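Novice: My questions will all concern the structure given below.
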Amino acid sequence: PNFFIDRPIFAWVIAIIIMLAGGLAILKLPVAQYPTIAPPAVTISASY
Amino acid sequence: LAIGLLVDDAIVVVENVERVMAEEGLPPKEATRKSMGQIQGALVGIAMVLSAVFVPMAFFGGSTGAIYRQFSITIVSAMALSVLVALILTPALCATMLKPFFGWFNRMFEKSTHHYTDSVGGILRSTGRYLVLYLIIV
Amino acid sequence: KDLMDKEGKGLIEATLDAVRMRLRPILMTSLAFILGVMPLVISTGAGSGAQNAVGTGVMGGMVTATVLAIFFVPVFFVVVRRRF
Amino acid sequence: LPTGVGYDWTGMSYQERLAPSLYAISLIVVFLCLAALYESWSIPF
């Protein structure tokens with residue numbers, strides 16, 4: 001509650017830590033236009 | 001769609017501090033400590049009500065539900081992080097940085113803030129007439 | 001409601017007092033939203049059907065919900081808190 | 001290089017091919033972890 005008004009450093013550290021944990025994983029995630037949203041299918045091919 | 005929703009809490013706590021210091025005359029450090037007791041419910045509600053309508057759609061089905069989850073995770077995490085930030089870091093910034101053509105705005109806003117209060121006063125006596133009007137809208 | 005409960009004030013008096021003090025935040029947080037979705041609405045070229053579809057609805061919804069709420073919510077606050 | 005031949009590494013050669021990046025981020029986070037503990041921006045040093 002009212003405990004982050006006496007020690008700014010603590011708050012700054014928490015903000016940077018989260019910012020450092022976001023930029024470190026921002027260059028590890030894949031990039032795509034869409035997620036996987038089409039229903040999967042299976043095909044059976046034969047011949048005669 | 002969360003950039004104009006993640007600053008809400010931060011913009012609310014900052015407005016209160018300066019409104020509690022300009023209309024009273026207290027130092028920034030002594031102002032914030034006073035304003036943070038008055039709006040904990042407000043800031044602890046906006047984030048709750050705004051991120052509670054995005055949770056129920058995370059459990060739907062089809063390709064539509066797969067589209068929905070992408071918004072759901074993003075907005076909900078943004079609201080939770082916004083709550084923390086504006087309730088852990090915002091206060092600090094306010095108790096350190098906030099010091100103790102622009103002219104034509106405040107008066108304008110004040111005039112509109114007053115005229116609107118008067119109009120609301122002129123509306124809290126004829127609720128029956130303002131009930132049918134609302135019905136039409138629906 | 002807080003001002004009535006933890007302030008011992010009248011219904012209409014507290015309503016007017018709250019609606020007067022909570023108008024700068026509403027306008028500020030409304031313009032900070034409505035002005036953040038124009039890049040989606042006025043966009044054009046290279047996959048802009050998605051952005052227009054996403055943004056146009058919320059732009060109008062916020063405009064209306066910010067210009068009508070401040071005039072209607074005291075009404076069905078006082079009448080509701082008076083009739084249950 | 002002769003006519004039309006190619007190169008290809010396999011087994012251990014293909015694995016190893018395909019440290020300080022995760023070690024420099026561990027020394028920066030401990031300083032921030034210490035800073036928060038002590039609140040001095042020099043005490044952590």
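Each chain in the structure tokens gets a letter, A, B, ..., in the order shown, and its residues are numbered from 1; ligands are numbered from 1 in order too.
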Please extract the residues of chain D with a backbone DSSP assignment of helix (DSSP H, G or I) and present them as a list in words.
Specialist: residues 11, 12, 13, 14, 15, 16, 17, 24, 25, 26, 27, 28, 29, 30, 31, 32, 33, 34, 35, 36, 37 and 38 of chain D
Novice: Identify every residue of chain A that has at least one atom within 7 Å of any atom of chain B, counting only C-alpha atoms, and report the result as a PyMOL selection string.
Specialist: chain A and resi 4-5+8+11-12+37-38
Novice: Keeping only N, CA, C and O atoms, write the selected residues to a file as a PDB file, in the first residue's frame.
Specialist:
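In the end it all went to part07.pdb:
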ATOM      1  N   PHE A   4       5.631   2.547  -0.901  1.00  0.00           N
ATOM      2  CA  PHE A   4       6.489   2.868  -2.035  1.00  0.00           C
ATOM      3  C   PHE A   4       6.674   4.369  -2.213  1.00  0.00           C
ATOM      4  O   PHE A   4       7.126   4.827  -3.261  1.00  0.00           O
ATOM      5  N   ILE A   5       6.318   5.133  -1.187  1.00  0.00           N
ATOM      6  CA  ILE A   5       6.454   6.583  -1.226  1.00  0.00           C
ATOM      7  C   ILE A   5       7.642   7.035  -0.383  1.00  0.00           C
ATOM      8  O   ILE A   5       8.017   8.207  -0.400  1.00  0.00           O
ATOM      9  N   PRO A   8      11.800   5.238  -3.190  1.00  0.00           N
ATOM     10  CA  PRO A   8      11.633   5.240  -4.645  1.00  0.00           C
ATOM     11  C   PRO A   8      12.476   4.174  -5.334  1.00  0.00           C
ATOM     12  O   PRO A   8      12.008   3.566  -6.297  1.00  0.00           O
ATOM     13  N   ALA A  11      10.820   0.854  -6.001  1.00  0.00           N
ATOM     14  CA  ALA A  11       9.879   0.921  -7.108  1.00  0.00           C
ATOM     15  C   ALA A  11      10.602   0.954  -8.443  1.00  0.00           C
ATOM     16  O   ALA A  11      10.186   0.289  -9.399  1.00  0.00           O
ATOM     17  N   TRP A  12      11.679   1.725  -8.521  1.00  0.00           N
ATOM     18  CA  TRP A  12      12.437   1.826  -9.761  1.00  0.00           C
ATOM     19  C   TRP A  12      13.022   0.476 -10.159  1.00  0.00           C
ATOM     20  O   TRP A  12      13.054   0.124 -11.336  1.00  0.00           O
ATOM     21  N   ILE A  37      -5.388 -21.108 -36.278  1.00  0.00           N
ATOM     22  CA  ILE A  37      -6.832 -21.014 -36.087  1.00  0.00           C
ATOM     23  C   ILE A  37      -7.631 -21.858 -37.062  1.00  0.00           C
ATOM     24  O   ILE A  37      -8.856 -21.957 -36.903  1.00  0.00           O
ATOM     25  N   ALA A  38      -7.009 -22.460 -38.050  1.00  0.00           N
ATOM     26  CA  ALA A  38      -7.787 -23.337 -38.905  1.00  0.00           C
ATOM     27  C   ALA A  38      -7.939 -24.714 -38.267  1.00  0.00           C
ATOM     28  O   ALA A  38      -7.040 -25.184 -37.569  1.00  0.00           O
TER      29      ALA A  38
END
Novice: Compile the contact shell of stretch 64-73 of chain C as an mmCIF file with N, CA, C and O atoms, in the first residue's frame: residues with an atom at most 10 Å away, counting only C-alpha atoms, same-chain residues fewer than 5 positions apart removed.
Specialist:
data_model
loop_
_atom_site.group_PDB
_atom_site.id
_atom_site.type_symbol
_atom_site.label_atom_id
_atom_site.label_comp_id
_atom_site.auth_asym_id
_atom_site.auth_seq_id
_atom_site.Cartn_x
_atom_site.Cartn_y
_atom_site.Cartn_z
ATOM 1 N N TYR B 116 -21.886 22.766 -16.951
ATOM 2 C CA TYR B 116 -22.318 21.380 -16.885
ATOM 3 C C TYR B 116 -22.879 21.039 -15.513
ATOM 4 O O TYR B 116 -23.882 20.326 -15.412
ATOM 5 N N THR B 117 -22.246 21.527 -14.445
ATOM 6 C CA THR B 117 -22.791 21.281 -13.114
ATOM 7 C C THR B 117 -24.173 21.902 -12.979
ATOM 8 O O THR B 117 -25.086 21.294 -12.405
ATOM 9 N N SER B 119 -26.293 22.424 -15.469
ATOM 10 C CA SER B 119 -27.214 21.618 -16.264
ATOM 11 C C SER B 119 -27.604 20.342 -15.537
ATOM 12 O O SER B 119 -28.763 19.920 -15.593
ATOM 13 N N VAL B 120 -26.648 19.701 -14.867
ATOM 14 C CA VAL B 120 -26.977 18.518 -14.080
ATOM 15 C C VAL B 120 -27.943 18.885 -12.965
ATOM 16 O O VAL B 120 -28.895 18.148 -12.682
ATOM 17 N N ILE B 123 -31.430 18.960 -14.085
ATOM 18 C CA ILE B 123 -31.861 17.671 -14.614
ATOM 19 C C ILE B 123 -32.253 16.698 -13.506
ATOM 20 O O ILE B 123 -32.895 15.681 -13.762
ATOM 21 N N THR B 127 -36.783 13.608 -13.520
ATOM 22 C CA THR B 127 -36.268 12.302 -13.916
ATOM 23 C C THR B 127 -37.242 11.548 -14.818
ATOM 24 O O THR B 127 -36.830 10.759 -15.665
ATOM 25 N N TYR B 130 -36.708 12.538 -18.311
ATOM 26 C CA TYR B 130 -35.426 12.044 -18.797
ATOM 27 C C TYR B 130 -35.368 10.521 -18.769
ATOM 28 O O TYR B 130 -34.311 9.928 -18.971
ATOM 29 N N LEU B 131 -36.510 9.892 -18.511
ATOM 30 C CA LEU B 131 -36.592 8.440 -18.470
ATOM 31 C C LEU B 131 -37.082 7.909 -19.809
ATOM 32 O O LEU B 131 -36.567 6.918 -20.323
ATOM 33 N N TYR B 134 -34.382 8.281 -22.518
ATOM 34 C CA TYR B 134 -33.401 7.208 -22.451
ATOM 35 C C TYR B 134 -33.958 5.932 -23.072
ATOM 36 O O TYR B 134 -33.246 5.207 -23.763
ATOM 37 N N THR C 15 -24.108 13.779 -4.958
ATOM 38 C CA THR C 15 -24.084 13.532 -6.394
ATOM 39 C C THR C 15 -23.474 14.704 -7.144
ATOM 40 O O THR C 15 -22.567 14.519 -7.963
ATOM 41 N N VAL C 19 -19.888 14.584 -9.199
ATOM 42 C CA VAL C 19 -19.865 14.813 -10.636
ATOM 43 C C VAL C 19 -19.066 16.061 -10.992
ATOM 44 O O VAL C 19 -18.523 16.142 -12.102
ATOM 45 N N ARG C 22 -15.153 14.923 -10.502
ATOM 46 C CA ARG C 22 -14.667 13.806 -11.300
ATOM 47 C C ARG C 22 -14.929 14.041 -12.777
ATOM 48 O O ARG C 22 -15.337 13.137 -13.502
ATOM 49 N N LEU C 23 -14.701 15.263 -13.251
ATOM 50 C CA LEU C 23 -14.890 15.569 -14.663
ATOM 51 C C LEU C 23 -13.580 15.753 -15.405
ATOM 52 O O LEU C 23 -13.485 15.377 -16.573
ATOM 53 N N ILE C 26 -12.412 12.087 -16.116
ATOM 54 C CA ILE C 26 -13.186 11.394 -17.145
ATOM 55 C C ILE C 26 -12.809 11.894 -18.529
ATOM 56 O O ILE C 26 -12.548 11.104 -19.440
ATOM 57 N N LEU C 27 -12.769 13.212 -18.709
ATOM 58 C CA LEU C 27 -12.388 13.743 -20.010
ATOM 59 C C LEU C 27 -10.965 13.355 -20.365
ATOM 60 O O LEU C 27 -10.678 13.016 -21.518
ATOM 61 N N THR C 29 -9.114 10.707 -19.372
ATOM 62 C CA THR C 29 -8.991 9.293 -19.696
ATOM 63 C C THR C 29 -9.827 8.900 -20.899
ATOM 64 O O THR C 29 -9.587 7.841 -21.480
ATOM 65 N N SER C 30 -10.803 9.714 -21.282
ATOM 66 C CA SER C 30 -11.546 9.458 -22.504
ATOM 67 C C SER C 30 -10.796 9.920 -23.743
ATOM 68 O O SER C 30 -10.735 9.188 -24.733
ATOM 69 N N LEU C 31 -10.239 11.131 -23.716
ATOM 70 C CA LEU C 31 -9.423 11.593 -24.830
ATOM 71 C C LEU C 31 -8.127 10.817 -24.961
ATOM 72 O O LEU C 31 -7.625 10.667 -26.079
ATOM 73 N N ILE C 34 -9.747 7.752 -27.070
ATOM 74 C CA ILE C 34 -10.274 8.116 -28.381
ATOM 75 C C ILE C 34 -9.201 8.639 -29.326
ATOM 76 O O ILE C 34 -9.305 8.482 -30.542
ATOM 77 N N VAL C 58 -14.840 1.059 -31.634
ATOM 78 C CA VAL C 58 -14.507 1.553 -30.302
ATOM 79 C C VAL C 58 -14.372 3.068 -30.296
ATOM 80 O O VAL C 58 -14.649 3.709 -29.278
ATOM 81 N N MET C 59 -13.971 3.674 -31.415
ATOM 82 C CA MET C 59 -13.913 5.132 -31.454
ATOM 83 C C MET C 59 -15.288 5.745 -31.206
ATOM 84 O O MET C 59 -15.457 6.591 -30.316
ATOM 85 N N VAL C 78 -29.470 8.496 -8.731
ATOM 86 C CA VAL C 78 -30.376 8.999 -7.707
ATOM 87 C C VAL C 78 -31.675 8.207 -7.700
ATOM 88 O O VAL C 78 -32.172 7.833 -6.633
#
Novice: What's the 12 Å shell around residue C:5, counting only C-alpha atoms, without same-chain residues fewer than 5 positions away, as a list in words?
Specialist: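 Final neighbour list, sorted by chain and number: residues 10, 11 and 14 of chain C.
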Novice: For the atom pair atom CA of residue B:122 and atom CA of residue C:13, what is the interatomic distance in Å to one decimal place?
Specialist: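 Separation of atom CA of residue B:122 and atom CA of residue C:13: 13.3 Å.
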Novice: Mind running chain A against chain D at 10 Å and telling me each contacting residue's nearest atom pair with the distance in Å (one decimal), counting only C-alpha atoms, chain and number ascending, as a Markdown table?
Specialist:
| residue | atom | partner | partner_atom | distance |
| --- | --- | --- | --- | --- |
| A:7 | CA | D:39 | CA | 7.3 |
| A:8 | CA | D:39 | CA | 8.3 |
| A:9 | CA | D:36 | CA | 5.7 |
| A:10 | CA | D:36 | CA | 4.5 |
| A:11 | CA | D:36 | CA | 7.9 |
| A:12 | CA | D:36 | CA | 8.1 |
| A:13 | CA | D:32 | CA | 5.8 |
| A:14 | CA | D:36 | CA | 8.3 |
| A:16 | CA | D:32 | CA | 8.3 |
| A:17 | CA | D:29 | CA | 7.3 |
| A:20 | CA | D:29 | CA | 8.7 |
| A:24 | CA | D:25 | CA | 9.2 |
Novice: Counting only C-alpha atoms, what is within 9 Å of residue B:6, bar same-chain residues fewer than 5 positions away, as an mmCIF file with N, CA and C atoms, in the first residue's frame?
Specialist:
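Output saved as part.cif:
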data_model
loop_
_atom_site.group_PDB
_atom_site.id
_atom_site.type_symbol
_atom_site.label_atom_id
_atom_site.label_comp_id
_atom_site.auth_asym_id
_atom_site.auth_seq_id
_atom_site.Cartn_x
_atom_site.Cartn_y
_atom_site.Cartn_z
ATOM 1 N N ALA B 47 -9.592 -1.332 -13.140
ATOM 2 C CA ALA B 47 -8.816 -2.450 -13.658
ATOM 3 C C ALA B 47 -9.595 -3.754 -13.540
ATOM 4 N N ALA B 78 -2.287 -6.679 -19.582
ATOM 5 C CA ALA B 78 -2.052 -5.243 -19.548
ATOM 6 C C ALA B 78 -2.753 -4.584 -18.369
ATOM 7 N N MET B 79 -4.000 -4.965 -18.090
ATOM 8 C CA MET B 79 -4.711 -4.364 -16.965
ATOM 9 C C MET B 79 -4.057 -4.713 -15.638
ATOM 10 N N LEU B 81 -0.900 -5.510 -15.050
ATOM 11 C CA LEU B 81 0.345 -4.769 -14.940
ATOM 12 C C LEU B 81 0.098 -3.286 -14.714
ATOM 13 N N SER B 82 -0.978 -2.765 -15.292
ATOM 14 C CA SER B 82 -1.318 -1.357 -15.144
ATOM 15 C C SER B 82 -1.690 -1.049 -13.699
ATOM 16 N N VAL B 83 -2.387 -1.981 -13.062
ATOM 17 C CA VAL B 83 -2.789 -1.804 -11.675
ATOM 18 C C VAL B 83 -1.554 -1.695 -10.797
#
Novice: Just need the residues of chain C within 8 Å of chain B, counting only C-alpha atoms, so spit them out as a ChimeraX atom specification.
Specialist: /C:12,16,19-20,23-25,28-29,32-37,71,74-75,79
Novice: Go through C:8, C:60, C:2, C:21 one by one, measure the shortest atom-to-atom distance of each to residue C:38 using only C-alpha atoms, and give the residue with the smallest value.
Specialist: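 Result for the nearest residue to residue C:38: C:60.
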Novice: Between atom CA of residue B:23 and atom CA of residue C:17, what is the distance in Å, rounded to a tenth?
Specialist: 14.5 Å
Novice: Name the residues in contact with residue B:56 at a cut-off of 12 Å, using only C-alpha atoms, excluding same-chain residues fewer than 4 positions from it; report them as a PyMOL selection string.
Specialist: chain B and resi 51-52+60-61+65+68-69+71-73+76
